[PDB]
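Undergrad: Questions regarding the structure given below will be posed in turn.
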Amino acid sequence: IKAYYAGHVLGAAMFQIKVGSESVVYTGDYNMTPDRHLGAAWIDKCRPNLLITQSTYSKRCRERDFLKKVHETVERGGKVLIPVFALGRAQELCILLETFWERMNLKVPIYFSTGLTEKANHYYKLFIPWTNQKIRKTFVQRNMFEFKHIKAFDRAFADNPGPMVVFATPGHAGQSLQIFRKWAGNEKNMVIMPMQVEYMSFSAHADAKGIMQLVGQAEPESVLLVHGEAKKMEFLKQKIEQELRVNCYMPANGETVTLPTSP
Amino acid sequence: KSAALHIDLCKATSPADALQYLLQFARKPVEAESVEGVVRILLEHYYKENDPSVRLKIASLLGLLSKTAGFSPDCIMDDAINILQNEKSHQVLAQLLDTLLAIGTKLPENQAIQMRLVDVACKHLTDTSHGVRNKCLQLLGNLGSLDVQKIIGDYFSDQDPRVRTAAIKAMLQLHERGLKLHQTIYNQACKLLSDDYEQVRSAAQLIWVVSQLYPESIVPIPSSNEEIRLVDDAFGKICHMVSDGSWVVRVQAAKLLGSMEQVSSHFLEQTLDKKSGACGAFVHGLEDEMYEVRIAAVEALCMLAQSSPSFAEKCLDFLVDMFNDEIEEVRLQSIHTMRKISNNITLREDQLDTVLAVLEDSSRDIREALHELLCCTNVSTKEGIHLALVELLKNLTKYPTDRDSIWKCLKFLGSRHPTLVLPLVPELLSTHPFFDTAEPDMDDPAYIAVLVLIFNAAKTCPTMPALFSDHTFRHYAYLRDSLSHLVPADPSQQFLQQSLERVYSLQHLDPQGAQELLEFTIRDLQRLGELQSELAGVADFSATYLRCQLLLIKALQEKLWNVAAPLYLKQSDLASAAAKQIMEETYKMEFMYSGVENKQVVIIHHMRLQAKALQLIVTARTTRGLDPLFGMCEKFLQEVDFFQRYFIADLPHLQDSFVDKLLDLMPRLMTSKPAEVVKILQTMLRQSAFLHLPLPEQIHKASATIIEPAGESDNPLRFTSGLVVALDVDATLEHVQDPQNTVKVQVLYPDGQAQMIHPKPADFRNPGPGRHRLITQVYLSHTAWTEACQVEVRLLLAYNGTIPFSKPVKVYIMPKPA
Amino acid sequence: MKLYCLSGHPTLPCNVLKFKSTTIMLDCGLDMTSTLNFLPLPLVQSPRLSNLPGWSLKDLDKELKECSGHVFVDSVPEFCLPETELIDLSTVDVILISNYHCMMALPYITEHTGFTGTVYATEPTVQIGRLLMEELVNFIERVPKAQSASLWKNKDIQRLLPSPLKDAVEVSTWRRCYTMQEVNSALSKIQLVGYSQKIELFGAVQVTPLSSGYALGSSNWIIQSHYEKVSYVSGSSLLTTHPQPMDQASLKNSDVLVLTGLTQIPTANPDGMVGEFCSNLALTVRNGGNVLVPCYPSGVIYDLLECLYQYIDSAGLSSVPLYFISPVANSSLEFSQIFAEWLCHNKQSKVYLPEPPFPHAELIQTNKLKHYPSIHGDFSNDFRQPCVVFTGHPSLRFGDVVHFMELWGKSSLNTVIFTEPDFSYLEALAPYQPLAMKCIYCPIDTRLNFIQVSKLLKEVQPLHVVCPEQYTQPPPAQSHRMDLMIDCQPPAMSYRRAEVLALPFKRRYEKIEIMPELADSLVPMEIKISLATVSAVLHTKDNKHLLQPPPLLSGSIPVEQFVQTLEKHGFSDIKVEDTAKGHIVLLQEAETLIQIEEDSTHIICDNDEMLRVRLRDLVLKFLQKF
Ligand SMILES: [Zn+2]
Ligand SMILES: [Zn+2]
């Protein structure tokens, strides 16, 4: 068993299975597009017999828009929170906001509520090698996951609003669900999730172009498509047939696939 | 002594001790005849010995000897090719091919030798060992000029990747030699691009070379019937090759892709968008996880935009995204490229607000980069200029130290956008339609910034000044006199020459007149140096020389010359102090001033010799033991001999001088007793002529000024005793010949302990010509003191002793107890 | 087949292995012992060194200075590099870093020699090596000193000089310190690979590092060619140490083994030494003195401070502060903390919980452990007299240790400890000999001792073993303890500095691949075992031999069965006769002659189509395809 870096989330990896001349590779969720705190998936020219992949589916421009909106809200003094359950996206947003505030040099507050976020921060700062190269290099200067934009007490929904950035992870009735009761009720008390609202969600999974790049790099004689919409995988399989004339598969749930091999 | 080497080699045991002896002989240097002998001895022992490692070492030593500059390697080349024909071991064969590389580099002129080397190289290329194949391919690449290209091209398909890398490197070397390449190499390299390994792909640079050589050449696609130029298909190759996962290969591909500026912009626009596999190549490059790849992509964008303006207009947005980049260096370089390509593009409100956003950032250097950008950027709407000004004023409030750069920005904004500014004049000056506004606070940063913008806008436009109030004109006059560089609308030499000529003509007066003239002239020279900074070098140089002459003259008129030696008393003596001062000033003349030629060094050393003679005279006067007189006189005669042998080519131009008269009397001085010789040299020194110092063409005095402690303060650097407190040192060094070696920082504790420090050559940095910055972190420690005390630090200019070099700065230190 | 050894040091190997169509440089291994001869570099110029006397020179005494009857070089310290001139370093393509200690002097080989290949290592080794290199460069450049003594290096002067300098070997090869720019240049060429990661070189050689267990990141390499395996052993530890436990199974069935990194002064027990060191510092603190512990920021200080905090918590002497001074002290501690995967199973169990691996982070949070980049960097303000200090280089020729021990040299109340088994402490104290300072030499050596490596060899049983000649001889300190003697049933040859060794292994068969159609071409026939023969074209790319389609004949025919078949076939003119020189039969059916003779055989067949077909059928009935 040999593992290869995936970069979908911290600790995510893709496995290369080999026995004799046989070779099977299964990746699950990955992404060619690097994250703000993670590296892109990399693999040699393994050229395996079979490849299993996901078919599910302006990043810097979206980041600029999100940062500009958050900056405008905090400059105006408005309070907006980001209710998100994903740990990887939450940590990426936390790193982005922390470095943005540090670069701007201002001292506006930003905190995170749930203790699970603190546990995730502890695991992240412990496991440096599974992150982006800037994190690894800046580790020499000082720890970057630690900052004045730390933990949240919030006087249990009694510390009032302000130029604040907060994170809540409900779920669907978990976490401090009273945050909505304390906040909102007016246009100024904005609450933005994926007075206005926009889709700040970042696509952790890569698009079809990333899958095309990976299959072009590895170049297996056969490919297997799972974990995605039916339309997406059908279109991707048709595009693979049109572009490469390389054998592929579209197995349904429980479908038995058999492949000949040359030992 | 080749016999010693021969017998030592013979006595040495063959298996082990021979290797050590040859290594020891190799480390020590060698001479031409010694090389010519030891090479034959090595060849004879190479024939005699049959071990692999020993023969390998002999081949390595042959290579080392071949690199000797003074040797004439002709027969040893013949013996080398002979043993090459006879050689069997592949490692030793590769070492001998290294020696052939050495000889080919040494002598690239002989055509017969070149063809002999290439034919024997291709003969030995039949060997199965990969190393000898690599060495032979290196020889083929190095040796060329008008079949070898086809031969190495056949070896492109070799199984060993190292041989393929050697082949492509040989092709690159051959191209560097300038030979005209073929076109079949393109498809061969295209085949090489599919190779698994990284060095082969990175080297296969070769397609860039062939694309540059024949960019207009038509090439047919193997599958598609359509015809595509070499430039475009090579561009597509590099585009879909950048997707490779080898980051070094990605950086190489991006860098060499930037060097291509002979391709149509339509194809670039097609391949840069997100909607073949060549789409979004630059999108992937700028989004790449390694900042090296992104920097290389930025450079490629710079070159291509300098080629095509439409592509630049298309790619502005991606550069704006790079202004949001998390790495600071990437942001800086992207901003610099945007500045480089701003001459044609014009921004929109989105671009302008995004650019002004990153200007808010805290780091000073990126803000300076934004300032450089805005100096050249275009703009369409007056509201863009208004936004620029408002964000710049916010920046003034945040970071006032950048005021000069922002004023430069507004200068360029006004000059390059005059018409677009003046509709915004009455709002910027806040002039009321009918009221008379209160006079704005002059010397304010923001108001000066606004005025600089307005005035630089008004330089071309004639309708602008009519909207100015009276106090605006008054402030215009104020700014114009104070900030002229921002706000828009030799008798001395010949005097110095004739003064020196006056001194040279009138030196023959009596001692009183000579002293008076010398005093007046040194005063005049000092005043000229103070008055004009250009001539300060020659002025201070001449002042030091004439002060040496004055000190020599005054010493010779002292009372002790007409009192017997027993009656002499050294408490009132001035000759010893005079000699000391002349010595120090001669050292200052020699080393402090830069640009001094040999014709000045001879006179400086002559004055030093006269000072040494005076020292000998006074020491003979004060002492009474014959033996110290004999020793001192012998040492002085040794110095005279050293001087006259050092400057043999200059004695005819020192007629009637002290050293000339000493040379005329040299045998008598050498033979005579200490009393007779000291008396005759004393009376000789009195009648010595005054040499005419030749003025250098250009000369500057060296000087340093410490600025990190500044003029200090009462505040002492408290710290525990015994431990060390580090003090920063900053100084501005000017016209120092070799500051990293000659300049030494010195710190004097308030006692006899005068610690000395040698700054490392790395810390010395050169911001501009004729000067040197010096950043040092000197470390100071001492035991406990009863109270805070002052510690002195000074710059010293070392030579081959040392002299003071700058004003002695001092700082207060308070080492607290344990 | 050929092994070149460059460094004569036992624990700092520098070896080059010529293996098939590739050559591997094993380790760099900077020899730091050379610096001991030079005068130390104080951070603040001490009066003692300035007033220190020179030494007589017939040919001019400023070149050398003498203290305590030992002449020292009064110039910048210089380092003994490996004998790199023996083999052209440009030729070699791969470098296999084993540990952060062995990768020292890598800038010299990467930059000066013109080496253009690749380098491999583990991530903790790379980071800790960067820390060590930058800190030593900082120590050298803090107080620059001129190269003011060169003439002493001549062999004549060396013979004229006493034993402490005459013992030095290859003084001419010594070099001044590299610069941080060269360090940045060298580390650019390195490639990061984790434990048990197979790396293929040009499709010919497989190389893999395995967990040595000595220090985190430290690895033992193996080299494989399927039918040939060469294993390289470096500093390893079987003790209950923090890193991931030493791997033993993977080194089995190894043809040639290379042994390096055995313990200096093997008699010392590290646990007892640590306990004694704790006792020494405890009594020093009880008397009110100060303890100086020169050591690297490596694993030694880590487990030392672990046992140390445990001991003082047991004894309740936690009042005194902890001072760890180094330019990369904070970085070293944080790097140790984050690298939790490379540690042992206990640490991995600990980090499964949210708590960090090591507990000194708790001390830092509670401020019971304190560290500073240097002395001047606010440590002076926060310094207190009764304390224990870890700082500087263990060679005592540079680093903050020089200033610290100069400060505390006079007072007998204070104490200085030694824990690094890499230098003779008597030589180290020689430039500082006239002192009342109490010095204790209690090194801690966690590497494998002689009995442990002997147990390892008896458990593995490799065919051959290679090691320096130092191991082959008993140590000079004892010269009588035959128990500390590496024992091997094979001869287990050795070498000296600049000694070239030829491997005894001479395996003459490599791997190849075959596609199924060639396999199906055979039709094996029972004999007693199966026999087969094929014929294919050889294709090789990237040292991967392949067989794909575009043989001798052994037709052992018994005489009696052949006679029976010939009689049954019905051919006319059959004559059988028994005469000398074997049986000879004349057949006039087609002018054919069959001759049978010992040690020979001749076959005659005409070109007639029918006769050819009959002969082919007859042979095919009793044809063995081999
Ligand atoms: Zn997933
Ligand atoms: Zn996922």
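Using the numbering of Swiss-Prot, the residues shown for chain C are 1-59, 64-532, 535-556, 583-658, in order.
Determination method: electron microscopy, 3.7 Å.
Just so you know, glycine gets a Cβ as well, placed from its N, Cα and C.
Feature list, courtesy of Swiss-Prot:
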BINDING   C:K2, C:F19, C:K510, C:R511  1D-myo-inositol hexakisphosphate binding site
CROSSLNK  C:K58  SUMO2 cross-link
Undergrad: Specify all same-chain residues, apart from the site residues C:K2, C:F19, C:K510, C:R511, whose Cβ lies within 8 angstroms of the center of the Cβ atoms of the 1D-myo-inositol hexakisphosphate site, ordered by sequence.
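TA: Apart from C:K2, C:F19, C:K510, C:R511, the close residues are C:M1, C:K20, C:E232, C:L507, C:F509.
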Undergrad: Quiz question: given the binding-site residues C:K2, C:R511, which has the greatest number of C-beta atoms lying within 10 angstroms of its own C-beta?
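TA: Counting every other Cβ within 10 Å of each candidate, the maximum falls on C:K2.
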Undergrad: Translate the DSSP assignment of C:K510 (1D-myo-inositol hexakisphosphate binding site) into the three-state scheme.
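TA: C:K510 (1D-myo-inositol hexakisphosphate binding site) sits in coil per DSSP, no helix or strand.
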Undergrad: Between C:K2 (1D-myo-inositol hexakisphosphate binding site) and C:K58 (SUMO2 cross-link), how many Å separate their Cα atoms?
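TA: The separation of the Cα atoms works out to 47 Å.
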Undergrad: Between C:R511 (1D-myo-inositol hexakisphosphate binding site) and C:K58 (SUMO2 cross-link), what C-alpha distance do you get in Å?
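TA: Just about 60 Å between their Cα atoms.
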Undergrad: What are the non-local neighbours of C:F19 (1D-myo-inositol hexakisphosphate binding site), defined as same-chain residues 6+ apart in sequence with CB under 8 A from its CB?
TA: C:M1, C:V209, C:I227, C:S229, C:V234
Undergrad: Give the helix, strand or coil assignment DSSP yields for C:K58 (SUMO2 cross-link).
TA: coil
Undergrad: Can you tell me how far the Cα of the residue listed as 'SUMO2 cross-link' sits from the Cα of C:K510 (1D-myo-inositol hexakisphosphate binding site), in Å?
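TA: Between the alpha carbons of the residue listed as 'SUMO2 cross-link' and C:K510 (1D-myo-inositol hexakisphosphate binding site) there are 57 Å.
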Undergrad: Counting only residues 6+ away in sequence within the same chain, which have a CB under 8 Å from the CB of C:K510 (1D-myo-inositol hexakisphosphate binding site)?
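TA: Once residues fewer than 6 apart are set aside, C:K510 (1D-myo-inositol hexakisphosphate binding site) is near C:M1.
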Undergrad: Provide the number of Cβ atoms within 10 Å of the Cβ of C:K58 (SUMO2 cross-link), excluding the reference atom itself.
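TA: Cβ-Cβ neighbours of C:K58 (SUMO2 cross-link) within 10 Å number 6.
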Undergrad: Helix, strand or coil: which one is C:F19 (1D-myo-inositol hexakisphosphate binding site) in, per DSSP?
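TA: In three-state terms, C:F19 (1D-myo-inositol hexakisphosphate binding site) counts as strand.
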